[PDB]
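**Q** Numbering (the deposited numbering) for the sequence shown: 6 to 218, 229 to 587.
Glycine included, C-beta positions come from ideal geometry on N, C-alpha and C.
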Amino acid sequence: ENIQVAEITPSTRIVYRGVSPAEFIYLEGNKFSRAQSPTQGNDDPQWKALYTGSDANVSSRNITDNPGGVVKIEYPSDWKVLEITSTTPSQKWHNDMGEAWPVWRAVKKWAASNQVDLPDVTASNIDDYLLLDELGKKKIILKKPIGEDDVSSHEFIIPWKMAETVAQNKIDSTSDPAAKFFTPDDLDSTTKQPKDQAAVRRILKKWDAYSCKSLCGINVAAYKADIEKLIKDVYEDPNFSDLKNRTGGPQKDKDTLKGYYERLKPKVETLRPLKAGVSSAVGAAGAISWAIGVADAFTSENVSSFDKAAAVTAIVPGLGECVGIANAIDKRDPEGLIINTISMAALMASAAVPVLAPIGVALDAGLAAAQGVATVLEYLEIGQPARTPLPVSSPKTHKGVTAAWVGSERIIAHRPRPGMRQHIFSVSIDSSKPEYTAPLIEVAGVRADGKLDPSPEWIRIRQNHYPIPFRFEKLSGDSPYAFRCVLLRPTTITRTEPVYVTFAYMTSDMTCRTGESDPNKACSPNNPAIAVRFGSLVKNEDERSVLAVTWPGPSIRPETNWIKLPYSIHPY
Ligand SMILES: [Ca+2]
């Protein structure tokens, strides 16, 4: 057996839970209710329950969209807390932790020597004994690691019948005002979701802040005032009047931009000298290369506003080779380096982009680039120790980015019966360019209605202590049937911080069928695959173009910014 269960006695019987605005409003004046939950916490009956987190941060960063806030739950002392553990001391995670049958065996083994009577669940009759419902008849909750990519954080799984017995005064939604990310006027009463992007940005700020309440590292926002003044000081210097008064199209000549670089780098270090011994991390070749990228981005996307120009800057590839601090930063003067490198980044962009009337003068583009660059770096844990990445298999590289599977990518329909199944892949930077970076813009996957149903509640995109919002979408079309997750703030792949994507699906008795003439069509969807995009769209190529078995691929279409990972589906 791979997993085991043992009762623990926690020092604090306090869990947390991230909720949408509607649920946060509900919980302020009602108790938890299975009927009020549209999914009952999980598409899989074995797992239907109330899910909670081991601390406020884990719950905060496992909201994936439409964040409302985080509530604090105090559960009774008489509840038995059963922790799922690996039988191998080296391995803290095992995929059996997620499968109803192995877990069933593990609690049965514990119950037998601990005076708890549980049904005689078998691989045959498992459909008749739903795990969490059955533990709810016995005063049991489950403690479990969040996932293979977050083994040190844990979810507490609370059977609904017990969740419903928690008193109201034990559900805290008020003592910390920062745990409530929205105000009522931010939402539409009919949808009870944010009215507009202004609201979404406001909620995101409170969401981000709470998730790091610092756990996230350097607060890049703390230096916007300095960076803005600094850039403005440069543009008032008479020696830079040629930048200040520049009009017309972009400047992408590498000699020309190098000339600005060597005029700008010393100037920036004068306005905010770095502390003794510390040196600038900006490189000529990367800044020139990156600035050209911003200029190409400004033209192609016709930026009609400051924020549009800032957004476009945040998803330009190669920022890490220009700022030099995407993966590490000199701890002797982190503030000075942040102020120094962003300012350099934005000034170089201001020298290369076209000067578009909607933006303003060249200075305005520079300031817009600074906001964009700062947003990118804000979500990287610079200056904190680098994480050991998860081992991968079957990698595929394109334009310096690498997608690969963590563990097994196969989706088995019966294990031993249908249920919630999942696979995980990582998006990494290829180490040949150790400081390269690229945006994660969207991920997509095949589906089959009634056969392989993506579970939007349990899809996750993970990197560090920040949440990673995305919008889940079931797409139109039958060739193939597909879904996409659109990331909702600048999400950046780095060497030291790859992004982990978990896709969860429900399988059914209809996933695989017998009797078909071709053994490869026995399971739907046929030709299964996922896809990750880290650059601009190619005309007439969307996620459904790539997922299709008819996609030409990166060799025929090297301009693409997609990587496609196939996987296989099997009945048992
Ligand atoms: Ca930060």
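Just checking my contact of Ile357 with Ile242 at CB under 8 Å: how many whole Å lie between their CB atoms?
**A** Indexing the sequence shown from 1 puts residue 357 at position 342. Indexing the sequence shown from 1 puts residue 242 at position 227. Right, their Cβ atoms sit about 5 Å apart.
**Q** Taking DSSP as the reference, what is the three-state secondary structure of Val368?
**A** On the sequence shown, residue 368 is found 353 positions in, with the first residue counted as 1. Looking at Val368 - three-state DSSP - the assignment turns out to be coil, as it is neither helix nor strand.
**Q** Who are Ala497's beta bridge partners in DSSP?
**A** Counting from one through the sequence shown, the residue named residue 497 turns up at place 482. The partner list for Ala497 (beta bridge, DSSP) reads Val461.
**Q** What does the shell around ligand 1 hold, if a residue joins when its beta-carbon is under 6 Å from any heavy atom?
**A** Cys231, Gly232, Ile233, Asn234, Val235, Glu393
**Q** Given a cut-off of 8 Å, decide if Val421 and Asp345 are closer than it, judged by their beta-carbon atoms.
**A** Numbered from 1 along the sequence shown, position 330 holds the residue referred to as residue 345. Numbered from 1 along the sequence shown, position 406 holds the residue referred to as residue 421. No, Cβ-Cβ distance for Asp345 and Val421 is not below 8 Å.
**Q** Go ahead and pull the three-state DSSP assignment for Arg287.
**A** Counting from one through the sequence shown, the residue named residue 287 turns up at place 272. Coil at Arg287, not helix or strand.
**Q** Please return the same chain residues whose Cβ sits closer than 8 Å to the Cβ of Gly298, not counting the five positions on each side in sequence.
**A** For the purposes of this step, residue 298 is taken as residue 283 along the sequence shown, with counting starting at 1. The residues are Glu336, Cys337, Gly339.
**Q** Do you know offhand how far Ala111's Cα is from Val331's?
**A** Sequence index remark: in the sequence shown, residue 111 carries index 106 (1-based). Sequence index remark: in the sequence shown, residue 331 carries index 316 (1-based). Rounded to the nearest angstrom, the two C-alpha atoms are 49 Å apart.
**Q** Out of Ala364, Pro406, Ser178, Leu405, state which residue places its alpha-carbon closest to the alpha-carbon of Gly387.
**A** Here residue 387 corresponds to residue number 372 of the sequence shown, with the count starting at 1. Measuring C-alpha to C-alpha distances from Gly387 to each of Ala364, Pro406, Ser178, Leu405 identifies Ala364 as the nearest.
**Q** Report, in whole angstroms, the separation of the C-beta atoms of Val76 and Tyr31, which I expect to be a contact under 8 Å.
**A** Position 71 of the sequence shown, counted from the start, is the residue given in the question as residue 76. Position 26 of the sequence shown, counted from the start, is the residue given in the question as residue 31. 10 Å between Cβ atoms; not a contact.
**Q** Give, in chain order, every unbroken run of the alpha helix (DSSP H) that is at least 4 residues long and sits entirely within the segment 130-202.
**A** 136-141, 165-168
**Q** Is it right to say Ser178 is buried, meaning 16 or more other beta carbons lie within 10 angstroms of its own, or is it exposed?
**A** Mapped onto the sequence shown, residue 178 falls at position 173. A buried status is given to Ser178, since no fewer than 16 other beta-carbon atoms sit within 10 Å of its beta-carbon.
**Q** What separation, rounded to the nearest whole angstrom, lies between the Cα atoms of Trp115 and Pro107?
**A** As a first step, residue 115 is located in the sequence shown; it is residue number 110 there, counting from the start. As a first step, residue 107 is located in the sequence shown; it is residue number 102 there, counting from the start. C-alpha separation (whole angstroms): 13 Å.
**Q** By alpha-carbon positions, which one of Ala419, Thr403, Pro400 ends up nearest to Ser409?
**A** As a position in the sequence shown, residue 409 is number 394, starting the count at 1. That would be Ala419, whose Cα lies nearest to the Cα of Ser409.
**Q** Between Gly492 and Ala544, what straight-line distance do the alpha-carbon atoms span, to the nearest angstrom?
**A** For the purposes of this step, residue 492 is taken as the residue at position 477 of the sequence shown. For the purposes of this step, residue 544 is taken as the residue at position 529 of the sequence shown. Taking the straight line joining both Cα atoms gives about 16 Å.
**Q** Determine the extent of the alpha helix (DSSP H) in which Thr314 is found, giving its start and end residues.
**A** Sequence index remark: in the sequence shown, residue 314 carries index 299 (1-based). Here the alpha helix (DSSP H) through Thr314 covers 299-316.
**Q** Would you call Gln266 buried or exposed, if buried means 16 or more other Cβ atoms sit within 10 Å of its Cβ?
**A** As a first step, residue 266 is located in the sequence shown; it is residue number 251 there, counting from the start. Taking every protein chain shown into account, the CB of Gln266 has 16 or more other CB atoms within 10 angstroms, so this residue is buried.
**Q** Would you say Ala384 and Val370 are within 8 Å of each other, going by their C-beta atoms?
**A** By one-based count along the sequence shown, residue 384 stands at place 369. By one-based count along the sequence shown, residue 370 stands at place 355. No.
**Q** Between the C-alpha atoms of residue 5 and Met102, what's the straight-line distance to the nearest angstrom?
**A** Nothing about residue 5 can be reported from this structure: the residues present for the chain run from 6 to 587 only.
**Q** Nearest to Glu79 by CA position, among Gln173, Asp70, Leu123, is which residue?
**A** In the sequence shown, the residue the question calls residue 79 occupies position 74. Nearest of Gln173, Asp70, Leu123 to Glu79, Cα basis: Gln173.
**Q** Thinking just about the alpha-carbon of each residue, which of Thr509, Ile476, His480, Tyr481 is nearest to the one in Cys500?
**A** Taking the sequence shown and counting its residues from 1, the one referred to as residue 500 is at position 485. The residue with the shortest Cα to Cα distance from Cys500 is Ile476.
**Q** Would you kindly work out how many angstroms separate the C-alpha atoms of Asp445 and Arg548, rounded to a whole number?
**A** As a first step, residue 445 is located in the sequence shown; it is residue number 430 there, counting from the start. As a first step, residue 548 is located in the sequence shown; it is residue number 533 there, counting from the start. When rounded, the distance between both Cα atoms is 15 Å.
**Q** Beta carbon of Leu286, beta carbon of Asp248: below 8 Å?
**A** As a first step, residue 286 is located in the sequence shown; it is residue number 271 there, counting from the start. As a first step, residue 248 is located in the sequence shown; it is residue number 233 there, counting from the start. Yes. Within cutoff.
**Q** On the DSSP letters alone, give me the boundaries of the beta strand (DSSP E) that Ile19 sits inside.
**A** Residue mapping note: residue 19 aligns to position 14 of the sequence shown, counting from 1. Run containing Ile19: 19-24, per the beta strand (DSSP E) assignment.
**Q** Leaving out five residues on either side along the sequence, give the residues of the same chain with a beta carbon under 7 Å from the beta carbon of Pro50.
**A** Residue mapping note: residue 50 aligns to position 45 of the sequence shown, counting from 1. Contacts found: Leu135.
**Q** Quick check on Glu488: does DSSP put it in helix, strand or coil?
**A** Working through the sequence shown from its first residue, we reach residue 488 at position 473. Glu488: strand per DSSP, three-state reduction.
**Q** Out of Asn35, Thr69, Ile13, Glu12, state which residue places its alpha-carbon closest to the alpha-carbon of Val24.
**A** Position 19 of the sequence shown, counting from 1, holds the residue named residue 24. When only C-alpha atoms are compared, the closest one is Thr69.
**Q** I'd like the span of the alpha helix (DSSP H) that includes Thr390, first residue to last.
**A** Position 375 of the sequence shown, counted from the first residue, corresponds to residue 390. Start and end: 377-393.
**Q** Please report the straight-line C-alpha distance between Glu450 and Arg486, rounded to a whole angstrom.
**A** By one-based count along the sequence shown, residue 450 stands at place 435. By one-based count along the sequence shown, residue 486 stands at place 471. Between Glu450 and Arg486, the C-alpha separation is close to 29 Å.
**Q** I'd like the list of long-range same chain contacts for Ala367, defined as Cβ closer than 8 Å, with 5 residues on each side in sequence excluded.
**A** Position 352 of the sequence shown, counted from the start, is the residue given in the question as residue 367. The residues are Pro265, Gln266, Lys267, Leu272, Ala306, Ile307, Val309, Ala310.
**Q** Tell me the DSSP secondary structure of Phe518 in three-state form.
**A** Counting from 1 along the sequence shown, the entry for residue 518 is found at position 503. Secondary structure of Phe518 (DSSP, three-state): strand.
**Q** Which full runs of the alpha helix (DSSP H) of 4+ residues lie inside the segment 58-86, going along the chain?
**A** 61-65
**Q** Among the candidates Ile145, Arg66, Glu277, whose CA atom is the shortest distance from the CA of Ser158?
**A** In the sequence shown, the residue the question calls residue 158 occupies position 153. Nearest of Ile145, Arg66, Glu277 to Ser158, Cα basis: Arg66.
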